[PDB]
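Chemist: I am attaching a structure below and will ask some questions about it afterwards.
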Amino acid sequence: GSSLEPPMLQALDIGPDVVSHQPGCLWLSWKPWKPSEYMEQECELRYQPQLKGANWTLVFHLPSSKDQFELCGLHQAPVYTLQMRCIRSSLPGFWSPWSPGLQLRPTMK
């Protein structure tokens, strides 16, 4: 697969071509590097509504690599931020450093 491509998390190209046409839904997508080996680690996605304030929301049950994350209900802030994190299956304690994701403008409604 070309370069190694690390575990970076980016958003999804939404707009006038989002399959159906949700009035307020987001789409994410990330992927690690190399074909790794085994697994059983766990990856959660973080996303807070960048605005006057915020409480930062998290999400579990996320796979180390998502094809087309699908969120909905982010109506509250003008700009939304999102990060990524991973750890182990039965031996947590570090959770690694909250990898830096990115920030953009989700649905306008």
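Note that chain A carries Swiss-Prot numbering, so the residues on display, from first to last, are 225-333.
So how was this one determined? The header says solution NMR.
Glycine is no exception: its Cβ is also placed from the backbone N, Cα and C atoms.
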Chemist: Identify the motif 'WSXWS motif' range according to Swiss-Prot, selecting from 264-268, 289-293, 299-303, 319-323.
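Modeler: Motif 'WSXWS motif', as annotated by Swiss-Prot, spans 319-323.
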Chemist: Pick from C296, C310: the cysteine that Swiss-Prot pairs with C249 in a disulfide bond.
Modeler: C296
Chemist: DSSP-wise, what's the residue breakdown of the motif 'WSXWS motif' (319-323) into helix, strand and coil?
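Modeler: The composition, in the requested order, is 0 helix, 1 strand, 4 coil.
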Chemist: For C310 (disulfide bond), write down the residues of its own chain that are at least 6 apart in sequence and whose Cβ falls under 8 Å from its Cβ; none is a fine answer.
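Modeler: Once residues fewer than 6 apart are set aside, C310 (disulfide bond) is near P231, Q265, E266, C267, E268, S288, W319, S320, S323.
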